[PDB]
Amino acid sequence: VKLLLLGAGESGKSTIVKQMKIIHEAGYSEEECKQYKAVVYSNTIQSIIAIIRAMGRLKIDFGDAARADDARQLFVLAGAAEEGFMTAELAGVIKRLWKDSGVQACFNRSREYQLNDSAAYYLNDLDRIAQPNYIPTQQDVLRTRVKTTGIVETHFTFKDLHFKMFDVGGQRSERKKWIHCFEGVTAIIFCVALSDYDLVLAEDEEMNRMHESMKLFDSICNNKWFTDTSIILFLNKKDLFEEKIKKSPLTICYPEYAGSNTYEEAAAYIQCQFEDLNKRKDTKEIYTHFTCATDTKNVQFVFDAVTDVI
């Protein structure tokens, strides 16, 4: 069984790859987790820095002036974290910045700039991750963000089927590499981030992230080459979408949306927007699933269902 994961940047493709290891193997060992220790620290430092940088551009002041000295110290000390080291002093500087009301106000305007989805997850768990002898947990590993370059190949056995899963980067510069994986594909798992509806591309701030996804799906779904390949659509980040729909209108993305700001109605509308792109509706089926890629139990059951479709 050859599976190819496609979708735009940060859609959740690489997270599904990590779940196969947790679910079908025995998860990440102590040595493997320790390798991710530097990614966690790097992800954390980059998140707080992205917020402090945006405050300048949007002209947002710190709630407490003293935070200005902490911001200074942050940069002086940031270098260590990059190397996989976190000093109690650095942890203290960041925790005080994160709690600042001005920092939080900017945090709440994250769609106006580019910020990692896992920023709050790590920043809120600073006491735990700044510990001496900290070893990333399986969830910390699943929460890391590293842009995929090249082609990753993973193998695993499930239900007496040997799987070969392929993963590639979704950002514009990596899409030219997709053609290298087009041979003998059994099924495509196309990932879409539901929470992308009010965000713009990191590669271009004039292009809405969800509209870019639609263009890609239309392109893949209707490619003659994939006529006999099963298309599985994963409408991902349902956890983030659930919290965002309450405070951010979907009309930002689909002006014609006339439903309420509820999860079930908004989610079903997006599903139809993607399913409608399929031009062979009578002769080509699309299998849609709503997922939370970081939730192992969710992914376990969805994959069960998917493999039966396989």
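A residue's number is simply how far along the shown sequence it sits, counting from 1.
In the record comparison, residue 226 is modelled in each of the other entries of this protein that model the residues flanking it, with no third of them omitting it. Among other deposited entries of this protein with both flanking residues present, none omit coordinates for residue 104; it is modelled throughout, well short of a third. For the pair 217-225 and 112-120, the record assigns the higher mean C-alpha temperature factor to 217-225. Just going by the entry, 200-208 versus 74-82 on mean CA temperature factor gives the higher value to 200-208. Of the candidates 129, 232, 94, 161, it is 161 whose Cα B-factor is highest according to the PDB record. The entry lists C-alpha B-factors for 167, 89, 125, 140, and the highest of these is at 89. Residue-level temperature factors show residue 3 in the middle third of its chain, judged at the C-alpha atom.
When the modelled residues of the chain are ordered by C-alpha B-factor, residue 65 sits in the highest third. Among all modelled residues in its chain, residue 98 ranks in the middle third by Cα B-factor. When the modelled residues of the chain are ordered by their C-alpha B factor, residue 185 lands in the highest third. For residue 276, the recorded CA temperature factor ranks within the middle third of the chain's modelled residues.
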